[PDB]
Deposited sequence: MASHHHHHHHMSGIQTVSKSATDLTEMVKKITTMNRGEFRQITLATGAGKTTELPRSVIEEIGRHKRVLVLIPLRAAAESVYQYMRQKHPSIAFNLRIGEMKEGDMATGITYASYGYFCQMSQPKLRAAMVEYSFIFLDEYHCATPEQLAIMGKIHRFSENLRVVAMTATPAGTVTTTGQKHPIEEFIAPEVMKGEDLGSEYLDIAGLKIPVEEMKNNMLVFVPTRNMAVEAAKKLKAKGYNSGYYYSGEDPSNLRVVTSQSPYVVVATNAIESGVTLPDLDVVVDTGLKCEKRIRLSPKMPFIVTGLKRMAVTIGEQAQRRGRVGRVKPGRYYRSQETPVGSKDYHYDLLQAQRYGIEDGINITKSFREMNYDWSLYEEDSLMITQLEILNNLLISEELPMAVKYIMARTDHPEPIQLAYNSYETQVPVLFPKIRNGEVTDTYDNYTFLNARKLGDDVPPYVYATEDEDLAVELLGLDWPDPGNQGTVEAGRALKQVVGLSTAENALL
């Protein structure tokens, strides 16, 4: 914390229009003690903002801090826009709170803070990405500090005992392995490890259940997660629990010995092409980050020494924020702002994320299309009220169709007579008439293929031109390759 005085002195000497990126653990007083030291240095009646991804996390820090430091004023902004707000202490807000204001309102609000702390920036949530790109637009008027706990790689964790690291080989097409090894999540693990308390990390919800039943069939005390039910399994040692990445999220495992990590996870990803639909989104099995691998390994070696079995799968450096960046675009529609351009411009100055230039380029071309015309009021309303998980799909598609279509759900790899229905859409079923979608889902595309149907081609100048622009951009990437 001697080094905290250094950080504080560096932050507090900052001039308007300046930026600092800081790396320090959560238990090192990031989110908390840093902004506290800064306000104590600059004056308690000055205003300092701390942006937190989760509303819950914001409220939790607010409570903790106001009780721990009663001489410093504290504010919480996770609800409705507090008009003309001028609260003097430290304000703990969510990025989503500032997403309610127009650019001018946002700027007027933001310039009134002496310092702006962007907490947990590599979570890269859509609200986070939109706010950072948006405020960067007037960064000359601000003093901003981006804080992180564990940046791009092992990583920073709560280890107290040593962890034995192992590389488990992948199981080969029905290989024999009797009385010595067992197949758990596609990995060859010694049967001796079943005498210990196990946690198995798996990507899909289906894999977590399928491997749990196979282990119970083999006579092991197995469970699955994707908490009271596991509590039952967890009471008897030895236990094996097959859980998704969602396991870590406040669920307890008593006296855990061994972790088996498949190295995989299921996340939303995007594909872009010059052929319409230019955008197709869907869940996809991918590799976990070095940070996520460290979180998985970190579940052991806390109270007793651990054992970590990992797959041959190599972890990725940074998280893939392209899907969240696409979702973030929604926050510039009313203002006529290209969120993709703002992100790119902010990142150039702040150097917070790794970049995929072809993808940013394509996302930016499409973003220009998204804001090329005022959104129909009808669409604005649906997007505001639907429980549809990706309302921006509605905004993009409106450049071709105003009628949402219901594509038959895909169970296994086959087309069902099941449909997904969300509120306010007032949709029609696919039938055999494929809509001219600019933005589609992996499954909407699959149904189209399985049914032997075809996606229409650009029906207007703007859409035809976005396609040609995308084709041109891809042409260079391909030509550059060799």
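> Where the model has no C-alpha, note the corresponding stretch of the deposited sequence, numbering from 1.
Coordinates drop out over 1 to 20, 174, 248 to 251, 508 to 509.
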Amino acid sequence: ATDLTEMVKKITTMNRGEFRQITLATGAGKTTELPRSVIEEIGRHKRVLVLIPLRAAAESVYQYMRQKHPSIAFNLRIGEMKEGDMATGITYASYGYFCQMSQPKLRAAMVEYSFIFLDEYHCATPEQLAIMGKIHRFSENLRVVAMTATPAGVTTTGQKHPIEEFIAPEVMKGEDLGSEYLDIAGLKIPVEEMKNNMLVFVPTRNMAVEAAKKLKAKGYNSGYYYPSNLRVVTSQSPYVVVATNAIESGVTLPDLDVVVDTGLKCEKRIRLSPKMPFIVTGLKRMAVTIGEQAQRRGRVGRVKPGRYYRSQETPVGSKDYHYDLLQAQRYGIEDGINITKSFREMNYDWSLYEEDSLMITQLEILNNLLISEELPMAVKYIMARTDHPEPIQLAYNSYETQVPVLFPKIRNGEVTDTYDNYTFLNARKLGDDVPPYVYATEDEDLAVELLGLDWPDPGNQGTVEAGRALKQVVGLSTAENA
From here on, numbers count along this sequence of modelled residues.
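> Please compare 106 to 114 with 240 to 248 and say which has the higher mean C-alpha temperature factor in the record.
For C-alpha atoms only, the mean B-factor is higher in 240 to 248.
> On mean C-alpha B-factor from the PDB entry, just flag whether 336 to 344 or 374 to 382 is the higher one.
Higher mean C-alpha B-factor in the PDB entry: 374 to 382.
> From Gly223, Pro274, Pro126, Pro389, pick the one with the largest CA B-factor in the entry?
The listed residue with the largest C-alpha B-factor is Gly223.
> Maximum C-alpha temperature factor per the entry, among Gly43, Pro70, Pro35, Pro435, belongs to which one?
Largest recorded C-alpha B-factor: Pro70.
> By the record's CA B-factor, is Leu470 among the lowest, middle or highest third of residues in the chain?
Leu470: CA B-factor falls in the lowest third of its chain.
> Considering only modelled residues of the same chain, in which third does the CA B-factor of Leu425 rank: lowest, middle or highest?
It falls in the top third of the chain.
> Compare the C-alpha B factor of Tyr309 with those of the other modelled residues in its chain, then answer lowest, middle or highest third.
Middle third of the chain for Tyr309's C-alpha B-factor.
> Divide the modelled residues of the chain into thirds by Cα B-factor and specify which third, lowest, middle or highest, holds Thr441.
For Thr441, whose C-alpha B-factor we compare with every modelled residue in the chain, the answer is the lowest third.
> By the record's CA B-factor, is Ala58 among the lowest, middle or highest third of residues in the chain?
Middle third of the chain for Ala58's C-alpha B-factor.
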